[PDB]
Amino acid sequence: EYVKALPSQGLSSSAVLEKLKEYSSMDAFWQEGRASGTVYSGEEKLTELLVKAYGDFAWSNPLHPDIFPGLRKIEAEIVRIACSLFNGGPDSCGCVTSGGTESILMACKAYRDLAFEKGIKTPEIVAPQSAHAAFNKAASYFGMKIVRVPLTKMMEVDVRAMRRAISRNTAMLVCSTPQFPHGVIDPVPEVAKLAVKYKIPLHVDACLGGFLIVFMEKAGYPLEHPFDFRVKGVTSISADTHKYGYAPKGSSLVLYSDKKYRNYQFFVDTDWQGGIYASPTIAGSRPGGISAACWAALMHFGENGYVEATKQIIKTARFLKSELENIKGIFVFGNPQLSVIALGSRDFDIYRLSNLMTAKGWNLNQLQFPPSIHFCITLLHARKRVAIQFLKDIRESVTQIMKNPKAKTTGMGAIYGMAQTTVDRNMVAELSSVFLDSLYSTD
């Protein structure tokens, strides 16, 4: 069953593609629209365009701008288009990255280097509890301390608690538009007031929300507060084109209010024997085809395509939100204004609902601290009209659970519940490593 060595004799192109169809046939699940997030559009004609766009630039590598000046122009444009969407102005700038993690790591690294220059020995990240796991990856990789501040009952960062966490060591403040767990937008203007007063950079994580939030007003769903470069104090924004931009996986952006901030993310080796070496991001060689396909997605959708995609997603999310808020036995966490809806229960163990949804063919995210489950609506969910079945299955599952509310939680839901209660955090860390080792298994 497993290929464990290079074949003695190479397979023909047709034989290779025949074998790959057997692998791709096991990766079909998402097509019915039963997976939370994961695939943002997945539309046939869009995929054909993005694959052709990638193919046209397959061998292009932005490590060589002299060999590929066309790709260099494509990337400069993706960044400028994004700065304009976030109302940056002429001083704003940015970089194309491989994903939201890289966009976050680059900002954290820039802010650490700026803090070092100021005499801070151990720079600190002050972020809400809800901030992406990538902020912990940044702390661990870059040797920064991470302070995670508690949330309000509405799943927003408690701004009084954030103010109390700021110190002489604080290198950056964080907030999310929205945070992934509950799909709640953090109070950007209130956090930016702290950023301005204490003269600390502020990173806005719009990896998830980016290509929705920017089109909210034009779609007829304006947000109550500003969230972008128009907010004084916001120094950087991360936004995922691979999400609501409908671009291929492997594409994201890190945007800065000024070049002075971006300079600290750059890597330079002036003395290398292999020549003067300069790189703007983590990678050296990069897949230029991915940037070409990202540019193709932006150009193909345009302002009208994105406003329309946003209208469709928001109509679906608001419909589900109002319906999920009228089901006895469950409640929705905070006030989600975007594509993500998180659920809880004070009457039963919520993981019993995700257990029943799994049995009905759905893949919902199992959250923790507090026990919760979520579903993230994409353009695929809007197109396939999955909301009706999602609602019927939730209602059925909740009805079944409400017959025996004190009954034992079984399967995977029991594991996620136990993992939160476990006093030894090292056992959970050990089982995560075992899970990661299992992914590379050829046994």
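Sequential numbering from 1, following the sequence displayed.
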Selected stretch [higher average CA B-factor]: 245-253 or 87-95:
87-95
Higher of the two mean Cα B-factors (344-352, 98-106; per PDB record) comes from 344-352
By the entry's C-alpha temperature factors, tell me which of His132, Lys137, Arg168, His203 sits highest.
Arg168
Going by the entry, which of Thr270, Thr316, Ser236, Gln337 has the most elevated CA B factor?
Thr270
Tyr277: CA temperature factor from the record, placed by chain third, in the highest
Would the CA B-factor of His64 place it in the lowest, middle or highest third of its chain?
highest
Hey, what third does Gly289 fall into on Cα B-factor, ranked over its chain?
middle
Taking the values exactly as deposited, rank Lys118 by C-alpha B-factor within its chain and report the matching third: lowest, middle or highest.
highest
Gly70: C-alpha B-factor third of its chain, per the entry, is the highest
